[PDB]
>>> print(open('work-v9.cif').read())   # mmCIF, N, CA and C atoms
data_protein
loop_
_atom_site.group_PDB
_atom_site.id
_atom_site.type_symbol
_atom_site.label_atom_id
_atom_site.label_comp_id
_atom_site.auth_asym_id
_atom_site.auth_seq_id
_atom_site.Cartn_x
_atom_site.Cartn_y
_atom_site.Cartn_z
ATOM 1 N N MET F 115 -6.154 -12.320 -29.640
ATOM 2 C CA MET F 115 -6.660 -13.704 -29.798
ATOM 3 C C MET F 115 -5.671 -14.696 -29.208
ATOM 4 N N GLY F 116 -6.051 -15.324 -28.106
ATOM 5 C CA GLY F 116 -5.179 -16.286 -27.465
ATOM 6 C C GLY F 116 -5.814 -16.904 -26.241
ATOM 7 N N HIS F 117 -5.678 -16.234 -25.110
ATOM 8 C CA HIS F 117 -6.261 -16.707 -23.862
ATOM 9 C C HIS F 117 -7.073 -15.598 -23.211
ATOM 10 N N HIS F 118 -8.062 -15.986 -22.425
ATOM 11 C CA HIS F 118 -8.869 -15.038 -21.669
ATOM 12 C C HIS F 118 -9.163 -15.611 -20.296
ATOM 13 N N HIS F 119 -9.021 -14.793 -19.272
ATOM 14 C CA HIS F 119 -9.291 -15.237 -17.915
ATOM 15 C C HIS F 119 -10.703 -14.830 -17.500
ATOM 16 N N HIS F 120 -11.235 -13.814 -18.168
ATOM 17 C CA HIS F 120 -12.581 -13.334 -17.884
ATOM 18 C C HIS F 120 -13.621 -14.240 -18.521
ATOM 19 N N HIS F 121 -14.793 -14.316 -17.889
ATOM 20 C CA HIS F 121 -15.925 -15.119 -18.367
ATOM 21 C C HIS F 121 -15.680 -16.615 -18.147
ATOM 22 N N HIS F 122 -14.423 -17.020 -18.168
ATOM 23 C CA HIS F 122 -14.060 -18.409 -17.943
ATOM 24 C C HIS F 122 -12.719 -18.506 -17.228
ATOM 25 N N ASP F 123 -12.772 -18.425 -15.904
ATOM 26 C CA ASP F 123 -11.581 -18.523 -15.067
ATOM 27 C C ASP F 123 -11.023 -19.938 -15.116
ATOM 28 N N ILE F 124 -10.036 -20.156 -15.967
ATOM 29 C CA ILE F 124 -9.463 -21.477 -16.131
ATOM 30 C C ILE F 124 -8.243 -21.662 -15.240
ATOM 31 N N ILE F 125 -8.160 -22.826 -14.618
ATOM 32 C CA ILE F 125 -7.078 -23.135 -13.699
ATOM 33 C C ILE F 125 -6.044 -24.022 -14.374
ATOM 34 N N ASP F 126 -4.797 -23.621 -14.272
ATOM 35 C CA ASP F 126 -3.692 -24.343 -14.889
ATOM 36 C C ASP F 126 -2.686 -24.759 -13.824
ATOM 37 N N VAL F 127 -2.715 -26.024 -13.427
ATOM 38 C CA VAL F 127 -1.822 -26.507 -12.384
ATOM 39 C C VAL F 127 -1.165 -27.825 -12.787
ATOM 40 N N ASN F 128 0.149 -27.775 -12.975
ATOM 41 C CA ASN F 128 0.949 -28.966 -13.254
ATOM 42 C C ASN F 128 0.413 -29.754 -14.447
ATOM 43 N N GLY F 129 0.164 -29.056 -15.543
ATOM 44 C CA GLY F 129 -0.289 -29.711 -16.755
ATOM 45 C C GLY F 129 -1.799 -29.720 -16.883
ATOM 46 N N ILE F 130 -2.486 -29.588 -15.760
ATOM 47 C CA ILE F 130 -3.936 -29.598 -15.752
ATOM 48 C C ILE F 130 -4.503 -28.239 -16.122
ATOM 49 N N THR F 131 -5.576 -28.268 -16.883
ATOM 50 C CA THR F 131 -6.279 -27.070 -17.285
ATOM 51 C C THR F 131 -7.778 -27.256 -17.046
ATOM 52 N N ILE F 132 -8.288 -26.669 -15.970
ATOM 53 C CA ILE F 132 -9.697 -26.806 -15.628
ATOM 54 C C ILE F 132 -10.521 -25.650 -16.183
ATOM 55 N N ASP F 133 -11.492 -25.988 -17.015
ATOM 56 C CA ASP F 133 -12.451 -25.023 -17.521
ATOM 57 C C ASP F 133 -13.578 -24.858 -16.517
ATOM 58 N N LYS F 134 -13.610 -23.728 -15.834
ATOM 59 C CA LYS F 134 -14.620 -23.487 -14.820
ATOM 60 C C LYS F 134 -15.974 -23.173 -15.451
ATOM 61 N N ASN F 135 -15.953 -22.518 -16.603
ATOM 62 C CA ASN F 135 -17.189 -22.088 -17.247
ATOM 63 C C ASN F 135 -17.758 -23.193 -18.126
ATOM 64 N N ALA F 136 -16.880 -24.001 -18.699
ATOM 65 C CA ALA F 136 -17.304 -25.092 -19.565
ATOM 66 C C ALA F 136 -17.404 -26.405 -18.798
ATOM 67 N N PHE F 137 -16.895 -26.384 -17.564
ATOM 68 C CA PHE F 137 -16.908 -27.544 -16.674
ATOM 69 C C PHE F 137 -16.157 -28.725 -17.285
ATOM 70 N N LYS F 138 -15.093 -28.429 -18.018
ATOM 71 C CA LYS F 138 -14.301 -29.468 -18.656
ATOM 72 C C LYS F 138 -12.876 -29.431 -18.119
ATOM 73 N N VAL F 139 -12.207 -30.569 -18.095
ATOM 74 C CA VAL F 139 -10.819 -30.606 -17.668
ATOM 75 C C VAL F 139 -9.929 -31.036 -18.825
ATOM 76 N N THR F 140 -8.779 -30.403 -18.965
ATOM 77 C CA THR F 140 -7.863 -30.748 -20.037
ATOM 78 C C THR F 140 -6.429 -30.884 -19.554
ATOM 79 N N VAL F 141 -5.743 -31.850 -20.127
ATOM 80 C CA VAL F 141 -4.311 -31.986 -20.009
ATOM 81 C C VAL F 141 -3.788 -32.469 -21.350
ATOM 82 N N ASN F 142 -2.814 -31.760 -21.905
ATOM 83 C CA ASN F 142 -2.261 -32.111 -23.211
ATOM 84 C C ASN F 142 -3.335 -31.949 -24.296
ATOM 85 N N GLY F 143 -4.368 -31.170 -23.980
ATOM 86 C CA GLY F 143 -5.438 -30.927 -24.928
ATOM 87 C C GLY F 143 -6.515 -31.987 -24.868
ATOM 88 N N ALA F 144 -6.306 -32.989 -24.030
ATOM 89 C CA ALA F 144 -7.249 -34.086 -23.905
ATOM 90 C C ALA F 144 -8.311 -33.745 -22.873
ATOM 91 N N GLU F 145 -9.564 -33.969 -23.231
ATOM 92 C CA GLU F 145 -10.686 -33.552 -22.404
ATOM 93 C C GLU F 145 -11.128 -34.657 -21.452
ATOM 94 N N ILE F 146 -10.903 -34.435 -20.167
ATOM 95 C CA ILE F 146 -11.353 -35.350 -19.139
ATOM 96 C C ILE F 146 -12.740 -34.960 -18.670
ATOM 97 N N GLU F 147 -13.601 -35.953 -18.559
ATOM 98 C CA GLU F 147 -14.945 -35.750 -18.064
ATOM 99 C C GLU F 147 -15.027 -36.124 -16.595
ATOM 100 N N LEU F 148 -15.270 -35.138 -15.753
ATOM 101 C CA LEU F 148 -15.425 -35.384 -14.334
ATOM 102 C C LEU F 148 -16.876 -35.202 -13.925
ATOM 103 N N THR F 149 -17.187 -35.649 -12.725
ATOM 104 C CA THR F 149 -18.545 -35.621 -12.219
ATOM 105 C C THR F 149 -18.772 -34.388 -11.365
ATOM 106 N N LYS F 150 -19.994 -34.200 -10.892
ATOM 107 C CA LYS F 150 -20.305 -33.077 -10.015
ATOM 108 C C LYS F 150 -19.382 -33.085 -8.797
ATOM 109 N N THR F 151 -19.088 -34.282 -8.300
ATOM 110 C CA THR F 151 -18.233 -34.439 -7.137
ATOM 111 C C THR F 151 -16.756 -34.434 -7.536
ATOM 112 N N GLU F 152 -16.417 -35.257 -8.520
ATOM 113 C CA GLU F 152 -15.027 -35.469 -8.913
ATOM 114 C C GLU F 152 -14.404 -34.211 -9.516
ATOM 115 N N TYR F 153 -15.215 -33.411 -10.196
ATOM 116 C CA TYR F 153 -14.755 -32.136 -10.728
ATOM 117 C C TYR F 153 -14.470 -31.164 -9.591
ATOM 118 N N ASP F 154 -15.315 -31.210 -8.566
ATOM 119 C CA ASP F 154 -15.191 -30.306 -7.429
ATOM 120 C C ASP F 154 -13.956 -30.668 -6.618
ATOM 121 N N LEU F 155 -13.727 -31.967 -6.478
ATOM 122 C CA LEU F 155 -12.531 -32.488 -5.826
ATOM 123 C C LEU F 155 -11.265 -31.975 -6.499
ATOM 124 N N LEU F 156 -11.133 -32.266 -7.789
ATOM 125 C CA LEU F 156 -9.936 -31.898 -8.535
ATOM 126 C C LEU F 156 -9.757 -30.380 -8.553
ATOM 127 N N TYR F 157 -10.834 -29.658 -8.839
ATOM 128 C CA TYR F 157 -10.810 -28.194 -8.857
ATOM 129 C C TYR F 157 -10.301 -27.652 -7.529
ATOM 130 N N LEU F 158 -10.824 -28.214 -6.454
ATOM 131 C CA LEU F 158 -10.450 -27.817 -5.101
ATOM 132 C C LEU F 158 -8.950 -28.000 -4.881
ATOM 133 N N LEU F 159 -8.440 -29.158 -5.290
ATOM 134 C CA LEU F 159 -7.024 -29.481 -5.141
ATOM 135 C C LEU F 159 -6.168 -28.613 -6.053
ATOM 136 N N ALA F 160 -6.626 -28.464 -7.287
ATOM 137 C CA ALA F 160 -5.919 -27.687 -8.301
ATOM 138 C C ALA F 160 -5.738 -26.236 -7.885
ATOM 139 N N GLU F 161 -6.832 -25.597 -7.511
ATOM 140 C CA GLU F 161 -6.807 -24.186 -7.151
ATOM 141 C C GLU F 161 -5.997 -23.996 -5.873
ATOM 142 N N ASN F 162 -6.178 -24.914 -4.940
ATOM 143 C CA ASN F 162 -5.451 -24.894 -3.678
ATOM 144 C C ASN F 162 -4.194 -25.747 -3.767
ATOM 145 N N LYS F 163 -3.609 -25.809 -4.966
ATOM 146 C CA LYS F 163 -2.456 -26.669 -5.256
ATOM 147 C C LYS F 163 -1.393 -26.643 -4.152
ATOM 148 N N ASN F 164 -1.027 -25.456 -3.688
ATOM 149 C CA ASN F 164 0.066 -25.319 -2.730
ATOM 150 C C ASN F 164 -0.431 -25.451 -1.297
ATOM 151 N N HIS F 165 -1.719 -25.700 -1.148
ATOM 152 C CA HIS F 165 -2.335 -25.819 0.167
ATOM 153 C C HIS F 165 -2.751 -27.256 0.423
ATOM 154 N N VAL F 166 -2.360 -27.803 1.563
ATOM 155 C CA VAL F 166 -2.761 -29.155 1.902
ATOM 156 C C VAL F 166 -4.239 -29.191 2.249
ATOM 157 N N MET F 167 -4.998 -29.857 1.404
ATOM 158 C CA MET F 167 -6.429 -29.954 1.558
ATOM 159 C C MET F 167 -6.797 -31.094 2.491
ATOM 160 N N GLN F 168 -7.156 -30.758 3.723
ATOM 161 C CA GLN F 168 -7.630 -31.754 4.671
ATOM 162 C C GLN F 168 -8.852 -32.465 4.121
ATOM 163 N N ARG F 169 -9.053 -33.720 4.493
ATOM 164 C CA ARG F 169 -10.163 -34.479 3.938
ATOM 165 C C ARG F 169 -11.485 -33.791 4.237
ATOM 166 N N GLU F 170 -11.652 -33.308 5.465
ATOM 167 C CA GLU F 170 -12.868 -32.659 5.858
ATOM 168 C C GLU F 170 -13.020 -31.305 5.169
ATOM 169 N N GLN F 171 -11.909 -30.624 4.917
ATOM 170 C CA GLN F 171 -11.940 -29.371 4.176
ATOM 171 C C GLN F 171 -12.463 -29.604 2.766
ATOM 172 N N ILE F 172 -12.008 -30.690 2.154
ATOM 173 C CA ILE F 172 -12.531 -31.103 0.865
ATOM 174 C C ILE F 172 -13.985 -31.548 1.010
ATOM 175 N N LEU F 173 -14.210 -32.384 2.019
ATOM 176 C CA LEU F 173 -15.516 -32.936 2.351
ATOM 177 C C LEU F 173 -16.541 -31.820 2.528
ATOM 178 N N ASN F 174 -16.077 -30.692 3.022
ATOM 179 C CA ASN F 174 -16.961 -29.594 3.399
ATOM 180 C C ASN F 174 -17.271 -28.711 2.201
ATOM 181 N N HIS F 175 -16.358 -28.677 1.252
ATOM 182 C CA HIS F 175 -16.562 -27.899 0.038
ATOM 183 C C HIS F 175 -17.297 -28.702 -1.032
ATOM 184 N N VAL F 176 -16.916 -29.960 -1.202
ATOM 185 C CA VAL F 176 -17.528 -30.807 -2.213
ATOM 186 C C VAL F 176 -18.819 -31.447 -1.694
ATOM 187 N N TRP F 177 -18.726 -32.162 -0.578
ATOM 188 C CA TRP F 177 -19.885 -32.833 0.006
ATOM 189 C C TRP F 177 -20.658 -31.890 0.927
ATOM 190 N N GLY F 178 -20.068 -30.737 1.228
ATOM 191 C CA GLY F 178 -20.664 -29.803 2.173
ATOM 192 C C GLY F 178 -22.056 -29.333 1.785
ATOM 193 N N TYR F 179 -22.454 -29.603 0.554
ATOM 194 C CA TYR F 179 -23.788 -29.265 0.100
ATOM 195 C C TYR F 179 -24.711 -30.475 0.210
ATOM 196 N N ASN F 180 -25.326 -30.614 1.392
ATOM 197 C CA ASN F 180 -26.313 -31.664 1.699
ATOM 198 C C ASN F 180 -25.924 -33.049 1.176
ATOM 199 N N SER F 181 -24.991 -33.684 1.872
ATOM 200 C CA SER F 181 -24.613 -35.060 1.575
ATOM 201 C C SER F 181 -24.635 -35.888 2.856
ATOM 202 N N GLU F 182 -24.108 -35.309 3.937
ATOM 203 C CA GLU F 182 -24.070 -35.964 5.241
ATOM 204 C C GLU F 182 -23.295 -37.279 5.163
ATOM 205 N N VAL F 183 -22.027 -37.183 4.785
ATOM 206 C CA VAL F 183 -21.181 -38.361 4.633
ATOM 207 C C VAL F 183 -19.912 -38.214 5.458
ATOM 208 N N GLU F 184 -19.342 -39.344 5.845
ATOM 209 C CA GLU F 184 -18.092 -39.364 6.580
ATOM 210 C C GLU F 184 -16.955 -38.883 5.699
ATOM 211 N N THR F 185 -16.051 -38.126 6.296
ATOM 212 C CA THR F 185 -14.984 -37.449 5.569
ATOM 213 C C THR F 185 -14.022 -38.422 4.885
ATOM 214 N N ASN F 186 -14.084 -39.693 5.265
ATOM 215 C CA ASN F 186 -13.232 -40.715 4.663
ATOM 216 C C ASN F 186 -13.686 -41.024 3.231
ATOM 217 N N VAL F 187 -14.892 -40.577 2.883
ATOM 218 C CA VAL F 187 -15.413 -40.730 1.534
ATOM 219 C C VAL F 187 -14.544 -39.972 0.538
ATOM 220 N N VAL F 188 -13.950 -38.895 1.025
ATOM 221 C CA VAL F 188 -13.075 -38.060 0.228
ATOM 222 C C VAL F 188 -11.886 -38.859 -0.279
ATOM 223 N N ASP F 189 -11.221 -39.562 0.636
ATOM 224 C CA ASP F 189 -10.102 -40.406 0.310
ATOM 225 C C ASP F 189 -10.473 -41.369 -0.794
ATOM 226 N N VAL F 190 -11.667 -41.934 -0.664
ATOM 227 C CA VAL F 190 -12.160 -42.917 -1.607
ATOM 228 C C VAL F 190 -12.294 -42.313 -3.003
ATOM 229 N N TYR F 191 -12.944 -41.156 -3.085
ATOM 230 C CA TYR F 191 -13.137 -40.482 -4.358
ATOM 231 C C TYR F 191 -11.815 -40.000 -4.952
ATOM 232 N N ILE F 192 -10.881 -39.578 -4.104
ATOM 233 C CA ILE F 192 -9.566 -39.171 -4.577
ATOM 234 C C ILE F 192 -8.870 -40.325 -5.290
ATOM 235 N N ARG F 193 -9.037 -41.530 -4.756
ATOM 236 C CA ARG F 193 -8.478 -42.718 -5.353
ATOM 237 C C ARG F 193 -9.016 -42.910 -6.769
ATOM 238 N N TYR F 194 -10.299 -42.634 -6.937
ATOM 239 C CA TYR F 194 -10.948 -42.725 -8.229
ATOM 240 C C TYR F 194 -10.436 -41.645 -9.175
ATOM 241 N N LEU F 195 -10.188 -40.459 -8.629
ATOM 242 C CA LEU F 195 -9.541 -39.382 -9.370
ATOM 243 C C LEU F 195 -8.219 -39.850 -9.958
ATOM 244 N N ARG F 196 -7.398 -40.470 -9.114
ATOM 245 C CA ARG F 196 -6.108 -41.015 -9.543
ATOM 246 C C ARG F 196 -6.278 -41.869 -10.797
ATOM 247 N N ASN F 197 -7.277 -42.746 -10.763
ATOM 248 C CA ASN F 197 -7.563 -43.663 -11.868
ATOM 249 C C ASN F 197 -7.757 -42.914 -13.177
ATOM 250 N N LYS F 198 -8.575 -41.880 -13.123
ATOM 251 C CA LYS F 198 -8.893 -41.086 -14.305
ATOM 252 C C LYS F 198 -7.689 -40.260 -14.753
ATOM 253 N N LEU F 199 -6.793 -39.977 -13.818
ATOM 254 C CA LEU F 199 -5.603 -39.190 -14.115
ATOM 255 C C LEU F 199 -4.444 -40.080 -14.564
ATOM 256 N N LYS F 200 -4.618 -41.395 -14.438
ATOM 257 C CA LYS F 200 -3.568 -42.359 -14.784
ATOM 258 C C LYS F 200 -3.082 -42.212 -16.233
ATOM 259 N N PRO F 201 -3.988 -42.206 -17.243
ATOM 260 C CA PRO F 201 -3.598 -42.038 -18.651
ATOM 261 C C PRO F 201 -2.771 -40.778 -18.892
ATOM 262 N N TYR F 202 -2.962 -39.792 -18.033
ATOM 263 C CA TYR F 202 -2.314 -38.500 -18.182
ATOM 264 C C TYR F 202 -1.203 -38.342 -17.159
ATOM 265 N N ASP F 203 -0.904 -39.454 -16.480
ATOM 266 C CA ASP F 203 0.070 -39.515 -15.382
ATOM 267 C C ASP F 203 -0.069 -38.330 -14.428
ATOM 268 N N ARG F 204 -1.294 -37.851 -14.257
ATOM 269 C CA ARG F 204 -1.550 -36.724 -13.373
ATOM 270 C C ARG F 204 -2.009 -37.204 -12.002
ATOM 271 N N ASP F 205 -2.121 -38.520 -11.833
ATOM 272 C CA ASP F 205 -2.564 -39.088 -10.560
ATOM 273 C C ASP F 205 -1.525 -38.797 -9.483
ATOM 274 N N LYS F 206 -0.264 -38.770 -9.900
ATOM 275 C CA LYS F 206 0.857 -38.508 -9.004
ATOM 276 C C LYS F 206 0.799 -37.102 -8.419
ATOM 277 N N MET F 207 0.020 -36.244 -9.055
ATOM 278 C CA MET F 207 -0.103 -34.856 -8.633
ATOM 279 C C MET F 207 -0.763 -34.747 -7.269
ATOM 280 N N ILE F 208 -1.697 -35.644 -6.985
ATOM 281 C CA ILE F 208 -2.377 -35.632 -5.711
ATOM 282 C C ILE F 208 -1.558 -36.407 -4.694
ATOM 283 N N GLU F 209 -0.844 -35.675 -3.864
ATOM 284 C CA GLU F 209 -0.008 -36.270 -2.840
ATOM 285 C C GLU F 209 -0.833 -36.566 -1.599
ATOM 286 N N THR F 210 -0.702 -37.779 -1.098
ATOM 287 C CA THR F 210 -1.440 -38.205 0.064
ATOM 288 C C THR F 210 -0.746 -37.741 1.340
ATOM 289 N N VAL F 211 -1.515 -37.145 2.229
ATOM 290 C CA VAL F 211 -1.011 -36.725 3.524
ATOM 291 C C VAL F 211 -1.799 -37.437 4.621
ATOM 292 N N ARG F 212 -1.214 -38.505 5.151
ATOM 293 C CA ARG F 212 -1.888 -39.379 6.107
ATOM 294 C C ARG F 212 -2.337 -38.605 7.346
ATOM 295 N N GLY F 213 -3.641 -38.609 7.594
ATOM 296 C CA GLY F 213 -4.179 -37.966 8.777
ATOM 297 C C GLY F 213 -4.627 -36.545 8.511
ATOM 298 N N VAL F 214 -4.230 -36.007 7.372
ATOM 299 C CA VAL F 214 -4.561 -34.635 7.030
ATOM 300 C C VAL F 214 -5.469 -34.587 5.806
ATOM 301 N N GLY F 215 -4.908 -34.874 4.639
ATOM 302 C CA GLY F 215 -5.677 -34.788 3.414
ATOM 303 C C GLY F 215 -4.844 -35.020 2.173
ATOM 304 N N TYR F 216 -5.107 -34.221 1.152
ATOM 305 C CA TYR F 216 -4.455 -34.353 -0.136
ATOM 306 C C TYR F 216 -3.978 -32.993 -0.643
ATOM 307 N N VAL F 217 -2.881 -32.981 -1.391
ATOM 308 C CA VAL F 217 -2.328 -31.733 -1.916
ATOM 309 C C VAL F 217 -1.680 -31.966 -3.286
ATOM 310 N N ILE F 218 -1.647 -30.937 -4.128
ATOM 311 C CA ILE F 218 -1.011 -31.047 -5.435
ATOM 312 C C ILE F 218 0.415 -30.500 -5.394
ATOM 313 N N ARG F 219 1.386 -31.388 -5.548
ATOM 314 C CA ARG F 219 2.785 -30.987 -5.562
ATOM 315 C C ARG F 219 3.248 -30.744 -6.991
#
>>> encode(input="work-v9.cif", output="structure tokens")
Amino acid sequence: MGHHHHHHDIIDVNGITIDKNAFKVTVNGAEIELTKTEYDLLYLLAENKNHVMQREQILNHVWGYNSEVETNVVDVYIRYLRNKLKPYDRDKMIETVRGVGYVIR
């Protein structure tokens, strides 16, 4: 009785705990509510924490499912992510890479 990776592959990156099966995000036990897009954004960054996520790479995974939007939309939504991560000081986790994308340091 403790933790299980099966049935619910949870991601733990720099204080963040993403529930993939419950679609909930936690830090410090606090439950953050993300959207279909914003959850996909954070999850993408979290799982690929050590990988610099190009805007279009994010754009292609999150928006890649019938959206037809400019990849700069990603930057915009990431900014909103920061806002929601502010109370948890997790906004700093998303490092901006000008011309490339975003990454979790």
>>> resolve_selection(input="work-v9.cif", expression="the PyMOL selection byres ((chain F and resi 163) around 8)", output="ChimeraX atom specification")
/F:127,157-162,164-167,216-219
>>> atom_distance(input="work-v9.cif", atom1="atom C of residue 171 in chain F", atom2="atom C of residue 194 in chain F")
17.1 Å
>>> atom_distance(input="work-v9.cif", atom1="atom C of residue 183 in chain F", atom2="atom N of residue 205 in chain F")
24.8 Å
>>> atom_distance(input="work-v9.cif", atom1="CA of residue 134 in chain F", atom2="atom C of residue 181 in chain F")
23.8 Å
>>> resolve_selection(input="work-v9.cif", expression="the PyMOL selection byres (((chain F and resi 136 and name CA) around 12) and name CA)", output="PDB file with N, CA and C atoms, in the coordinates of the input")
ATOM      1  N   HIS F 121     -14.793 -14.316 -17.889  1.00  0.00           N
ATOM      2  CA  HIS F 121     -15.925 -15.119 -18.367  1.00  0.00           C
ATOM      3  C   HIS F 121     -15.680 -16.615 -18.147  1.00  0.00           C
ATOM      4  N   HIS F 122     -14.423 -17.020 -18.168  1.00  0.00           N
ATOM      5  CA  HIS F 122     -14.060 -18.409 -17.943  1.00  0.00           C
ATOM      6  C   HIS F 122     -12.719 -18.506 -17.228  1.00  0.00           C
ATOM      7  N   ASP F 123     -12.772 -18.425 -15.904  1.00  0.00           N
ATOM      8  CA  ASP F 123     -11.581 -18.523 -15.067  1.00  0.00           C
ATOM      9  C   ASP F 123     -11.023 -19.938 -15.116  1.00  0.00           C
ATOM     10  N   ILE F 124     -10.036 -20.156 -15.967  1.00  0.00           N
ATOM     11  CA  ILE F 124      -9.463 -21.477 -16.131  1.00  0.00           C
ATOM     12  C   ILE F 124      -8.243 -21.662 -15.240  1.00  0.00           C
ATOM     13  N   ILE F 125      -8.160 -22.826 -14.618  1.00  0.00           N
ATOM     14  CA  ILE F 125      -7.078 -23.135 -13.699  1.00  0.00           C
ATOM     15  C   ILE F 125      -6.044 -24.022 -14.374  1.00  0.00           C
ATOM     16  N   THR F 131      -5.576 -28.268 -16.883  1.00  0.00           N
ATOM     17  CA  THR F 131      -6.279 -27.070 -17.285  1.00  0.00           C
ATOM     18  C   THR F 131      -7.778 -27.256 -17.046  1.00  0.00           C
ATOM     19  N   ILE F 132      -8.288 -26.669 -15.970  1.00  0.00           N
ATOM     20  CA  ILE F 132      -9.697 -26.806 -15.628  1.00  0.00           C
ATOM     21  C   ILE F 132     -10.521 -25.650 -16.183  1.00  0.00           C
ATOM     22  N   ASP F 133     -11.492 -25.988 -17.015  1.00  0.00           N
ATOM     23  CA  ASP F 133     -12.451 -25.023 -17.521  1.00  0.00           C
ATOM     24  C   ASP F 133     -13.578 -24.858 -16.517  1.00  0.00           C
ATOM     25  N   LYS F 134     -13.610 -23.728 -15.834  1.00  0.00           N
ATOM     26  CA  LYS F 134     -14.620 -23.487 -14.820  1.00  0.00           C
ATOM     27  C   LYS F 134     -15.974 -23.173 -15.451  1.00  0.00           C
ATOM     28  N   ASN F 135     -15.953 -22.518 -16.603  1.00  0.00           N
ATOM     29  CA  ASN F 135     -17.189 -22.088 -17.247  1.00  0.00           C
ATOM     30  C   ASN F 135     -17.758 -23.193 -18.126  1.00  0.00           C
ATOM     31  N   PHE F 137     -16.895 -26.384 -17.564  1.00  0.00           N
ATOM     32  CA  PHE F 137     -16.908 -27.544 -16.674  1.00  0.00           C
ATOM     33  C   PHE F 137     -16.157 -28.725 -17.285  1.00  0.00           C
ATOM     34  N   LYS F 138     -15.093 -28.429 -18.018  1.00  0.00           N
ATOM     35  CA  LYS F 138     -14.301 -29.468 -18.656  1.00  0.00           C
ATOM     36  C   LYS F 138     -12.876 -29.431 -18.119  1.00  0.00           C
ATOM     37  N   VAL F 139     -12.207 -30.569 -18.095  1.00  0.00           N
ATOM     38  CA  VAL F 139     -10.819 -30.606 -17.668  1.00  0.00           C
ATOM     39  C   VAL F 139      -9.929 -31.036 -18.825  1.00  0.00           C
ATOM     40  N   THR F 140      -8.779 -30.403 -18.965  1.00  0.00           N
ATOM     41  CA  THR F 140      -7.863 -30.748 -20.037  1.00  0.00           C
ATOM     42  C   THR F 140      -6.429 -30.884 -19.554  1.00  0.00           C
ATOM     43  N   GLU F 145      -9.564 -33.969 -23.231  1.00  0.00           N
ATOM     44  CA  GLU F 145     -10.686 -33.552 -22.404  1.00  0.00           C
ATOM     45  C   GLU F 145     -11.128 -34.657 -21.452  1.00  0.00           C
ATOM     46  N   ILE F 146     -10.903 -34.435 -20.167  1.00  0.00           N
ATOM     47  CA  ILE F 146     -11.353 -35.350 -19.139  1.00  0.00           C
ATOM     48  C   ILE F 146     -12.740 -34.960 -18.670  1.00  0.00           C
ATOM     49  N   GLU F 147     -13.601 -35.953 -18.559  1.00  0.00           N
ATOM     50  CA  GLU F 147     -14.945 -35.750 -18.064  1.00  0.00           C
ATOM     51  C   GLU F 147     -15.027 -36.124 -16.595  1.00  0.00           C
ATOM     52  N   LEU F 148     -15.270 -35.138 -15.753  1.00  0.00           N
ATOM     53  CA  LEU F 148     -15.425 -35.384 -14.334  1.00  0.00           C
ATOM     54  C   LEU F 148     -16.876 -35.202 -13.925  1.00  0.00           C
ATOM     55  N   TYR F 153     -15.215 -33.411 -10.196  1.00  0.00           N
ATOM     56  CA  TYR F 153     -14.755 -32.136 -10.728  1.00  0.00           C
ATOM     57  C   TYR F 153     -14.470 -31.164  -9.591  1.00  0.00           C
TER      58      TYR F 153
END
>>> closest_residue(input="work-v9.cif", among="F:154, F:209, F:203, F:189", to="residue 169 in chain F", atoms="only C-alpha atoms")
F:189
>>> axis_aligned_box(input="work-v9.cif", around="range 140-158 of chain F", padding_each_side="3 Å", output="lines of an AutoDock Vina configuration file")
center_x = -11.3
center_y = -31.9
center_z = -14.9
size_x = 24.0
size_y = 14.5
size_z = 26.0
>>> select_by_dssp(input="work-v9.cif", residues="range 135-216 of chain F", states="helix (DSSP H, G or I)", output="ChimeraX atom specification")
/F:150-161,169-176,186-202,205-207
>>> closest_residue(input="work-v9.cif", among="F:120, F:190, F:168, F:196", to="residue 215 in chain F", atoms="all atoms listed in the file")
F:168
>>> residues_around(input="work-v9.cif", residues="residue 193 in chain F", least_positions_apart="4", cutoff="12 Å", atoms="only C-alpha atoms", output="list in words")
residues 152, 155, 156, 186, 187, 188, 189, 197, 198, 199, 200, 205, 206, 207, 208, 209, 210 and 216 of chain F
>>> select_by_dssp(input="work-v9.cif", residues="chain F", states="strand (DSSP E)", output="PyMOL selection string")
chain F and resi 125-127+130-133+138-141+144-146+167-168+208-211+215-218
>>> closest_residue(input="work-v9.cif", among="F:142, F:185, F:149, F:180", to="residue 204 in chain F", atoms="only C-alpha atoms")
F:142
>>> build_atoms(input="work-v9.cif", residues="range 139-144 of chain F", atoms="N, CA, C and O atoms", output="tab-separated table (two decimals), keeping the file's coordinate frame")
chain	number	residue	atom	x	y	z
F	139	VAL	N	-12.21	-30.57	-18.10
F	139	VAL	CA	-10.82	-30.61	-17.67
F	139	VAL	C	-9.93	-31.04	-18.82
F	139	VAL	O	-10.29	-31.92	-19.59
F	140	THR	N	-8.78	-30.40	-18.96
F	140	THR	CA	-7.86	-30.75	-20.04
F	140	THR	C	-6.43	-30.88	-19.55
F	140	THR	O	-5.98	-30.17	-18.67
F	141	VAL	N	-5.74	-31.85	-20.13
F	141	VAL	CA	-4.31	-31.99	-20.01
F	141	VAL	C	-3.79	-32.47	-21.35
F	141	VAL	O	-4.31	-33.44	-21.90
F	142	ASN	N	-2.81	-31.76	-21.90
F	142	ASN	CA	-2.26	-32.11	-23.21
F	142	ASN	C	-3.34	-31.95	-24.30
F	142	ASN	O	-3.24	-32.51	-25.39
F	143	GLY	N	-4.37	-31.17	-23.98
F	143	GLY	CA	-5.44	-30.93	-24.93
F	143	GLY	C	-6.52	-31.99	-24.87
F	143	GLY	O	-7.53	-31.89	-25.56
F	144	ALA	N	-6.31	-32.99	-24.03
F	144	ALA	CA	-7.25	-34.09	-23.90
F	144	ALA	C	-8.31	-33.74	-22.87
F	144	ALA	O	-7.99	-33.28	-21.78
